RNA sequence: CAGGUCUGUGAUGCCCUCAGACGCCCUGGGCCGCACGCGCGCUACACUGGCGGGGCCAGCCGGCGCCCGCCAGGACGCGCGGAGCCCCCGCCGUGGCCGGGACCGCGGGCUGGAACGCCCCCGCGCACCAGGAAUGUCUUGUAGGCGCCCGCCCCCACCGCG
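Residue numbers (the deposited numbering), protein chains in the order written: chain SR, 16 to 65, 78 to 128; chain SW, 2 to 138; chain SX, 21 to 120; chain SV, 8 to 147; chain Sc, 14 to 88; chain Sh, 87 to 136; chain ST, 8 to 158; chain SF, 5 to 117, 120 to 190.
Written out as structure tokens, the structure reads:
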């Protein structure tokens with residue numbers, strides 16, 4: 016279950032529909048401030064189906092598709108899954124490595 | 002004058018009972034379960050605190066006279082330190098809504114009149130405050 | 021005509037500003053120029069580490085720019101005070117400004 | 008003359024001796040809707056010293072605890088405010104706190120996320136300094 | 014190592030506890046809490062009852078410390 | 087083209103007048119002079135000691 | 008609060024024969040004395056009711072040593088600004104002593120009255136010179152310094 | 005003059021003719037808050053109300069530094085608790101406590117290569135140590151107890167004035183004096 | 001002094017580099033990681049204290065109102081304005097307790113292009129019950145306690161300078 020809606024309902028859930036349910040940061044990013052053309056163009060590539080955008084937050088339709096994310100050196104592979112929707116992929120891709128002392 | 006002749010605390014407590022008896026203010030009872038000031042941590046235990054705060058706020062607006070002090074200024078009069086953090090504690094203003102509610106009741110009651118910028122005590126309210134003070138004396 | 025013209029003298033040096041005060045008071049004394057209204061001094065301050073690097077016990081240079089400002093009140097004909105500005109001794113690096 | 012021994016309410020023996028507004032503060036170390044006073048103040052009076060809680064009033068205190076908006080408690084409070092899965096806000100108290108916390112911690116492991124990966128290694132999450140204060144007990 | 018009597022003491026030993034403090038020529042809330050092992054929170058509420066009685070008069074009354082001496086009880 | 091990759095704004099680029107150095111601008115009275123740069127030019131501004 | 012020209016701003020005229028100034032630790036009190044019934048007012052409030060309840064005797068101390076009858080027949084309006092509570096209690100006793108003495112002026116009785124106060128408490132009629140010292144670089148305190156890590 | 009508006013200085017005379025000069029009740033003022041500079045001059049300290057010196061000794065340990073108003077409040081409540089039990093003038097019981105708490109012999113090296123020798127404590131030092139010891143015994147006693155500072159201060163003064171060894175100050179005096187007798 | 005600064009400088013010898021740039025920009029990431037050792041600090045270890053109301057006091061120097069919001073903060077305007085400690089009354093009351101506030105789970109804000117920054121609400125409740133060998137600063141408005149401002153600054157001080 017995610018924020019009330021079941022997964023099938025939440026993938027059909029529109030980005031401005033799933034926003035009242037999301038957390039404060041998401042409402043600022045998709046509502047008041049909004050996003051630029053480059054963030055939208057990456058989302059357009061997901062729509063095309065069938078990146079360096081750490082800032083970009085997960086959208087419901089993108090679930091089930093894995094997006095490569097730069098950590099500053101290599102494109103870390105990050106899968107998209109149901110409980111992580113609306114959460115910036117920058118917390119999903121890690122720049123650092125384990126302490127290994 | 003009068004409100005000075007009676008100690009400030011012996012006036013505020015008696016005025017709190019008076020402002021609950023005459024039905025002045027009327028506690029919102031939605032702010033009853035709220036804690037005044039981000040600075041504090043455990044909320045007032047008085048339960049009649051709204052009346053003590055209400056009688057204290059009219060007594061401030063009386064001594065202000067034509068100064069016409071604002072609600073934010075009154076919140077800075079109820080500011081305390083935010084203690085309980087590793088970072089050194091600093092002064093933090095009181096909740097604006099509580100005081101805004103108190104000043105709103107006085108404007109409707111006509112005990113306090115509206116003025117340029119902040120509101121100030123009305124003559125009709127002053128009469129109640131000074132008669133109570135002399136009565137305590 | 022008859023308006024009030026506000027002269028403001030802004031000067032870094034006290035002796036220089038006191039000299040401008042003497043000339044302004046003297047020229048307008050007949051025109052009822054007011055006695056100098058001395059502004060609270062503006063002691064603008066910058067404290068910087070004496071060293072370019074961070075080496076040594078940290079030392080501090082305490083630099084204070086004090087600005088002394090005198091406000092002057094004259095009520096009279098405008099043309100006379102425009103000439104009064106020429107009459108008063110000109111101090112280089114010291115400024116006068118007239119506001120109606 | 009009227010004083011009673013500690014009652015086990017919510018899986019903990021809450022001492023009858025300590026004031027009721029704070030005897031409930033150590034509710035098994037998990038819960039506290041009142042924030043020192045609100046839950047009891049809404050139904051009864053505080054400063055009772057405890058051990059005089061009438062069982063019917065004790066049931067009434069339990070009822071508000073279990074159902075928050077039934078008594079009209081402020082939605083700004085509550086242990087859980089959005090329910091990551093459920094989508095609802097309610098107070099979570101006692102053992103439920105542990106179970107929900109484990110599920111949230113499991114969720115960060117399930118979807119690999121730095122907060123969970125740091126949590127697995129015991130590395131500090133939120134706190135950002137480990138160079139000096141990370142000695143901890145000679146281990147993070 | 015605490016004073017377990019906390020709320021309204023016990024039952025009939027409360028009268029003997031009242032007798033003990035009345036026996037003292039002068040009392041302080043902290044002094045009853047240690048001597049009677051009843052806690053100082055209980056002592057304040059017990060003291061107000063025997064001040065209403067008129068058994069003891071508060072020589073000095075402060076929010077910090079409140080101290081009382083017996084007005085009479087000489088004979 | 088080249089313009090879109092040239093000086094795109096990310097933040098203010100502020101420098102000490104006289105030094106062209108981003109560090110320690112010291113704009114306390116809008117005097118954007120470097121901390122080190124200011125000590126060389128303090129007499130000229132007229133800043134004085136006790 | 009800082010030595011502002013606000014003497015007549017609180018009260019217009021009222022035949023205030025004297026306008027004394029008593030200053031302790033950055034706190035100044037302008038006291039206005041006229042013929043009265045023995046009333047003394049501080050900051051538009053009875054002198055007996057002062058904020059440091061413990062130090063409320065210090066304010067009334069010049070009246071006790073000089074005598075109530077000499078004080079009777081005077082009304083004093085005192086406005087204290089700057090400084091803090093204990094200094095404001097020290098400033099008003101100094102202001103009251105100076106102002107009551109001003110009524111005697113150059114009289115032999117004033118010389119005795121100044122000596123009478125100076126004996127019970129000296130500096131009651133004399134300003135205390137102590138003033139705060141500045142913080143110096145390398146120390147949080149004016150004279151205290153940072154702990155030396157090595158040596 | 006009635007200290008705390010309750011106690012005169014008329015009967016408060018120190019019996020110890022060696023310590024009477026350094027204990028003064030003449031300068032007493034209701035409320036021991038005289039802001040007179042005692043730091044100035046080598047012996048101006050001697051000409052100070054004894055009760056004010058106690059009020060300056062009470063505020064120590066840093067967490068309580070500078071709060072004279074709170075210390076003198078304690079002195080008043082302690083004096084009431086001394087009046088309540090002793091049934092005597094509490095300014096006079098303090099005077100006897102200061103006189104007894106002061107040791108007359110100390111140990112100092114005296115130009116020796120660690121070998122201390124016997125010295126004689128000055129009549130000002132006897133007064134300064136005596137008051138300091140009274141306040142420090144109370145300070146240690148009230149650190150983790152339900153007993154208030156006022157109660158323990160009241161009891162050290164009551165115990166010192168007779169000379170009971172329960173007083174932390176009198177035990178200190180007997181230790182200091184005995185080490186001085188052996189190092190003699 | 002061969003102390004430190006060529007990385008403040010259209011200060012600069014010489015070497016390197018010098019269009020696949022060591023020029024200058026553009027995106028992303030680090031400097032802030034961390035088995036650990038050490039240097040400033042900060043907050044505690046409680047009752048001379050914590051917690052609730054009430055009084056209310058500055059100075060370097062300094063804007064506010066009204067309405068909404070639990071605060072945080074916001075909207076809409078305008079011309080202005082002010083601390084803690086302490087004092088006073090309650091409460092808890094020697095219990096790692098309501099001392100203490102580290103951590104950690106939702107959530108509400110903010111600033112910016114973008115958090116990983118900051119703020120805040122209900123949880124959550126770490127050591128620490130006074131610190132060994134050592135060592136440092138300080139003589140009156142000083143020590144210490146207690147606030148406050150400014151510098152840098154989108155936000156941000158446990159820092160420096162006042």
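Yeah, the Cβ is synthetic: ideal placement off N, Cα and C, and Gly gets one too.
Neighbour list for residue 21/Sc in chain SV, Cβ cutoff strictly below 7 Å: 8, 9, 10
Proximity test, Cβ basis, 8 Å: residue 58/Sc and chain SF: no
Alpha-carbon spacing of residue 138/SW relative to residue 11/SF, whole angstroms: 31 Å
Reduced DSSP secondary structure (H/G/I, E/B, other) of residue 43/SW: coil
Alpha carbon of residue 133/SV to alpha carbon of residue 22/SR, nearest angstrom: 29 Å
Interface flag, residue 77/SW vs chain ST, CB-CB below 8 Å: no
Nearest candidate by alpha-carbon position, reference residue 135/SF, set 189/SF, 187/SF, 168/SF, 105/SF: 105/SF
Inside the segment 12-48 of chain SV only - alpha helix (DSSP H) runs reaching at least 4 residues: 27-30
Neighbour-count burial assignment, residue 62/ST, 16 or more Cβ in a 10 Å radius: buried
At least three beta-carbon pairs within less than 8 Å, the segment 114-125 of chain SR to the segment 113-121 of chain SV: yes
Simplified DSSP assignment, three categories, for residue 10/SW: helix
Neighbour list for residue 55/SV in chain SW, Cβ cutoff strictly below 8 Å: What residue 55/SV touches in chain SW: nothing, since even the nearest Cβ is about 13 Å away.
Proximity winner among 37/Sc, 31/Sc, 32/Sc, 56/Sc, relative to residue 43/Sc (alpha-carbon distances): 56/Sc
CB contact check: residue 121/Sh to chain SX, cutoff 8 Å: yes
DSSP three-state assignment for residue 130/ST, whether helix, strand or coil: coil
Residue environment, residue 92/SR, which counts as buried when at least 16 other CB atoms sit within 10 Å: exposed
Minimum Cβ-Cβ distance from residue 24/Sc to chain SV less than 8 Å: yes
Residue burial classification, residue 139/SV (beta-carbon count within 10 angstroms, cutoff 16): exposed
Chain-ordered residues of the segment 140-158 of chain ST with a beta carbon less than 8 Å from chain SX: 144, 145
C-alpha distance - residue 94/SF paired with residue 156/SF, whole-angstrom precision: 13 Å
Test item: CB-CB of residue 65/SW and residue 117/SW under 8 Å: no
Span of the alpha helix (DSSP H), counted from its first residue to its last, around residue 154/ST: Here residue 154/ST belongs to no alpha helix (DSSP H), and DSSP marks it neither H nor E.
Sequence-distant residues of its chain with Cβ nearer than 8 Å to residue 74/SW (five each side left out): 119
Status (buried if at least 16 other CB within 10 Å, exposed otherwise) for residue 18/Sc: buried
Inter-residue CB distance, residue 87/Sc and residue 68/Sc (contact presumed, cutoff 8 Å): No, residue 87/Sc and residue 68/Sc are not in contact; Cβ-Cβ is about 12 Å, not under 8 Å.
Minimum C-alpha distance to residue 129/SF - residue among 9/SF, 8/SF, 20/SF, 57/SF: 20/SF
Endpoints, the alpha helix (DSSP H) within which residue 100/SX is located: 98-107
Reference residue 1/SW; option with closest CA among 129/SW, 103/SW, 125/SW: Because chain SW here runs from 2 to 138, residue 1/SW falls outside it and cannot be looked at.
Contact check, residue 92/SV vs residue 17/SR, beta carbons under 8 Å: yes
Inter-residue spacing [alpha-carbon to alpha-carbon] between residue 34/Sc and residue 59/Sc: 10 Å
Cross-strand partners of residue 178/SF (DSSP beta bridge): DSSP output for residue 178/SF lists no bridge partner at all.
CA nearest to the CA of residue 114/Sh, picked from 99/Sh, 124/Sh, 87/Sh, 94/Sh: 124/Sh
Sub-8 Å separation of residue 15/ST and residue 103/ST beta-carbons: no
For residue 39/Sc, three-class secondary structure by DSSP: strand
Proximity test, Cβ basis, 8 Å: residue 17/SR and chain SV: yes
Contact check, residue 27/SX vs residue 118/SX, beta carbons under 8 Å: yes
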